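S.K.: structure for the following, please:
(2 chains)
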Protein chains: 2
Amino acid sequence: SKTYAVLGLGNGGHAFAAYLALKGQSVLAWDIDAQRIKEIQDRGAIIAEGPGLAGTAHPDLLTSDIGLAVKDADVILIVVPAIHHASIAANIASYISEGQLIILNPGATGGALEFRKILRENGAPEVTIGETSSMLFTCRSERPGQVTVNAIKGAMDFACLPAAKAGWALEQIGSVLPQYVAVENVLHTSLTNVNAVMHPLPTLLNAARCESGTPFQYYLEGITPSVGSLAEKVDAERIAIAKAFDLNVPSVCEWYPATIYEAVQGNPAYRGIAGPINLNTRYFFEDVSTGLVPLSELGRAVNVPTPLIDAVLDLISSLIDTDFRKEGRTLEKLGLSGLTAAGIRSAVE
Amino acid sequence: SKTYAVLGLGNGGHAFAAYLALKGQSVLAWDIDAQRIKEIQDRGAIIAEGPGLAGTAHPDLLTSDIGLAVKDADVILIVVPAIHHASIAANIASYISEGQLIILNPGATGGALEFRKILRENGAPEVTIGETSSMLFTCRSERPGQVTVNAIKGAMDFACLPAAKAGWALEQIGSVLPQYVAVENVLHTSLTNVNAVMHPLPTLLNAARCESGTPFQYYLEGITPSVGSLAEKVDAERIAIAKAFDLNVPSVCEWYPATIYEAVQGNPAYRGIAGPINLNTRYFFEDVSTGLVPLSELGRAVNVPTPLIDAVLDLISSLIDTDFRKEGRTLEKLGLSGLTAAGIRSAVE
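M.R.: Numbering: from 1, shown residues only, chains lettered A, B, ... in the order given. Shown next is the structure:
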């Protein structure tokens, strides 16, 4: 039985914190929002319900003080939108200690790398930092202190920095989180960012609908055959980038069907998912910064063309007046600036 | 009083043919469609109605034989979609004679140039070829032999090859078509292609709606503020191309308002215009081939960047699997290959 720090008490945060507490571990949870922490404190528990997980959980601690949640943890689970990773790394830098395990859920593209870079810049001790490319849970918290859990993934790719510590890492969480399965390195998990394909493009191709708040089923109506075919050509660029590092990451289709259109039209799970109701959506903010941007940067490195990814990237930036190539995850933010394709491979081992 | 050949008996073709015939000129009209020519023949007239033009017109001739319509004409008006210009030039090459005036209504970007190139390649006599950037009439033909004319533009830019013949040209049609006003040269008319801005982009940004046949008012609902702002940034590229040749062509706004959104939301004329109901639309086929393509090619020549035009161009090509950069109007098709910005200016004088 160990101490887990759960950072971020959003939908996922709620689920991990309940899951862990119901499994007999000590859970210390944090969220930047004091108010939210205050409502959960009043309630005195986190109620989990649904097919995937049901129970009344009791974290050992709820706080809005990051150091208090982290300082004494054995494992630190970070469950926030990838756009926040940097901020969290800088903030916890002073509390971490040699021997802790940090896991980004998930890392989007380059979460562990970016995380490692910031910690070293802030003179932190060397620690093992892992990342998963998927979300363990499908859930929704209607209010603080509550979470509905539809399901829990049965297998999850997991990789860390440094890669040799993958076994030890998994040896640590194995009893409680046997879903994690080690892949070669963090390039594998980071290049398996399906959201970078499925979110920005279809949203761009439904821009007016989204801006105008005109309701539509994101998957069912937002992705017609030609939109699915275009997404497949963007996916092919991702795959070509993975092959240039010698990795065999799965295509969007494999991630779910001979086509994306078939895959999407056929998952009943997508029944009822609405598209964005405005352009200030994560499908752009997060998936472009932590997905398209790094993908493009990477392809530039290994000299693999990404004309479609770039075209999408450039149109979205202008469409919303955000210089994503500057604000997103650049090779520099990942600590990969001036490395050759082989140098990059060597940096993750 | 003279002989006019009206080529193309679509909406515009119907209107010109009626207008001219009601004005006492001899009209010989053609259309590639025998059937259509046959229905109009049966009816024995063209009925024009509406505020802009009303009357029962009698062309002197209706035929599906191009040479018969052209051989004896003094002025030849071509009223077809710009994508057809090439074909028509090649087909009439053998019937034209020194002294005739050809006018493309309109020329889209580079209509007169492309037209001139094909005629010379086919060993035709030298003739004056003009183009207008606008459509004289706003009309609709519900059936062959009929046309509803809302209105007739009061002023139209007109330019020709060779530019010095602009006065003579206008001296020729002046009595019947006083709406035409000479501008400097064909670069002016060709760079004043507002459709290249207003059609491809908004359609792309409503791709799913269009493909799915989901009804919407093209202007009113397809162009939201951010879509209008993006169009303005594409327009700026067009304008930068015009400035590099020393021309002052009007912005989309001037062509109609401080913004495109304001302009469009405010014209009652756009009340009731639906967006495309599929992707096999002229807003792509015509406006990309005869608008975006040549604009991009031109900017490349005068060394003016057109990242947004290119981005739109590349996304549409892939979106519909059509290599527009190959099939559209290239510098080569315009007979401008290997000319310096100044050489291009010299070719139109």
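S.K.: go through the longest helix anywhere in chain A and flag the buried ones.
M.R.: Ranked by number of residues, the top helix in chain A under DSSP state H is helix A:225-243. Neighbour counts using 16 or more other C-beta atoms under 10 Å in any protein chain shown place A:226-232, A:234-235, A:237-239, A:241-242 of helix A:225-243 among the buried residues. For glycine as for every other residue, the C-beta is placed from the backbone atoms N, C-alpha and C.
S.K.: any chance of those in JSON lines, plus distance to chain B?
M.R.: Converted to JSON lines, these look like this (distance: C-beta to the nearest C-beta, whole Å):
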{"residue": "A:226", "distance to chain B": "6"}
{"residue": "A:227", "distance to chain B": "6"}
{"residue": "A:228", "distance to chain B": "11"}
{"residue": "A:229", "distance to chain B": "8"}
{"residue": "A:230", "distance to chain B": "6"}
{"residue": "A:231", "distance to chain B": "11"}
{"residue": "A:232", "distance to chain B": "11"}
{"residue": "A:234", "distance to chain B": "10"}
{"residue": "A:235", "distance to chain B": "13"}
{"residue": "A:237", "distance to chain B": "12"}
{"residue": "A:238", "distance to chain B": "16"}
{"residue": "A:239", "distance to chain B": "17"}
{"residue": "A:241", "distance to chain B": "18"}
{"residue": "A:242", "distance to chain B": "21"}
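S.K.: what's the farthest-apart pair in those?
M.R.: A:226 and A:242 (25.0 Å; C-beta to C-beta).
S.K.: interface residues of the stretch 201-349 of chain A facing chain B?
M.R.: Contacts of the stretch 201-349 of chain A with chain B, taken as C-beta under 8 Å from any C-beta of the partner chain, map to A:202, A:204-209, A:211-212, A:221-227, A:230, A:233, A:279, A:307-308, A:311-312, A:314-315, A:318-320.
S.K.: I misspoke; the intended subject was the stretch 51-200 of chain A.
M.R.: Going by C-beta under 8 Å from any C-beta, none of the residues of the stretch 51-200 of chain A are near chain B.
S.K.: so what's the residue count around the closest residue to chain B within the stretch 51-200 of chain A?
M.R.: Residue nearest to chain B within the stretch 51-200 of chain A (C-beta to the nearest C-beta): residue A:200, separated by 12.6 Å. Residue A:200 has 27 neighbours, counted by other C-beta atoms under 10 Å in any protein chain shown.
S.K.: tell me the phi and psi of residue A:158?
M.R.: phi -150, psi 140 (degrees, to the nearest 10).
S.K.: which one is it nearest to, not counting chain neighbours?
M.R.: residue A:180 (4.0 Å; C-beta to C-beta, 6 or more residues apart in numbering or on different chains).
S.K.: tell me the contacts of that neighbour?
M.R.: A:132, A:156-158, A:170, A:173-174 (C-beta atoms under 8 Å, 6 or more residues apart in numbering or on different chains).
S.K.: out of the residues you listed, which is most surrounded?
M.R.: Result: residue A:158 is most packed of these (other C-beta under 10 Å), 27 neighbours.
S.K.: you'd agree residue A:129 is up against residue A:158?
M.R.: No. The pair residue A:129 / residue A:158 is not scored as a contact, 11.5 Å apart, by C-beta atoms under 8 Å.
S.K.: mind listing the shared neighbours of the two?
M.R.: With C-beta under 8 Å, 6+ apart as the test, residue A:129 and residue A:158 both reach residue A:103.
S.K.: tell me the buried residues in stretch A:256-270?
M.R.: In stretch A:256-270, counting by 16+ other C-beta under 10 Å, buried: A:260-261, A:263-265.
S.K.: what is the end-to-end distance of it?
M.R.: With C-alpha to C-alpha, to the nearest Å as the measure, stretch A:256-270 spans 12 Å from end to end.
S.K.: which other residues reach that stretch?
M.R.: Taking C-beta under 8 Å, 6+ apart as the rule, stretch A:256-270 contacts A:138, A:217-220, A:223-225, A:227-229, A:231-232, A:235, A:252-253.
S.K.: ranges for the strands of chain A?
M.R.: Ranges of strands in chain A, per DSSP state E, are A:3-7, A:26-30, A:46-49, A:55-57, A:61-63, A:75-78, A:101-104, A:128-132, A:137-140, A:146-152, A:156-161, A:180-182.
S.K.: what is the end-to-end distance of stretch A:331-340?
M.R.: 11 Å.
S.K.: residues contacting the residue found closest to residue A:23 once you drop the neighbours it is linked to in the chain?
M.R.: The shortest distance from residue A:23 to any non-neighbouring residue, by C-beta to C-beta, 6+ apart, is to residue A:176 (5.4 Å). Neighbouring residues of residue A:176 by C-beta under 8 Å, 6+ apart: A:20, A:23, A:25.
S.K.: and which of those is nearest to residue B:79?
M.R.: Closest to residue B:79, out of all of the contacts of residue A:176 and judged by C-beta to C-beta, is residue A:20, at 73.8 Å.
S.K.: thinking again about what came up before, kindly reformat the strands of chain A as a markdown table containing distance to residue B:162.
M.R.: Listed next are the strands of chain A as a markdown table, based on distance: least, C-beta to C-beta, whole Å:
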| stretch | distance to residue B:162 |
| --- | --- |
| strand A:3-7 | 74 |
| strand A:26-30 | 77 |
| strand A:46-49 | 81 |
| strand A:55-57 | 85 |
| strand A:61-63 | 82 |
| strand A:75-78 | 71 |
| strand A:101-104 | 68 |
| strand A:128-132 | 67 |
| strand A:137-140 | 70 |
| strand A:146-152 | 73 |
| strand A:156-161 | 68 |
| strand A:180-182 | 74 |
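S.K.: what is the burial count for residue A:248?
M.R.: Neighbours around residue A:248, by other C-beta under 10 Å: 10.
S.K.: out of everything not next to it in sequence, what's closest to it?
M.R.: Residue A:248's closest residue in space is residue A:242 (C-beta to C-beta, 6+ apart), at 7.3 Å.
S.K.: nearest the middle, which residue of chain A would you pick?
M.R.: The centroid of chain A falls nearest to residue A:106 when counting by C-alpha atoms, centre = their mean (2.8 Å).
S.K.: distance check, that residue against residue A:80.
M.R.: Per C-beta to C-beta, to the nearest Å, residue A:106 is found 10 Å from residue A:80.
S.K.: ends of stretch A:135-149, how far apart?
M.R.: One end of stretch A:135-149 to the other measures 12 Å (C-alpha to C-alpha).
S.K.: contacting residues around that stretch?
M.R.: Residues outside stretch A:135-149 that contact it (C-beta under 8 Å, 6+ apart): A:9-12, A:14-16, A:18-19, A:36, A:39-40, A:43, A:45-54, A:105-106, A:150-153, A:156, A:177, A:179, A:269.
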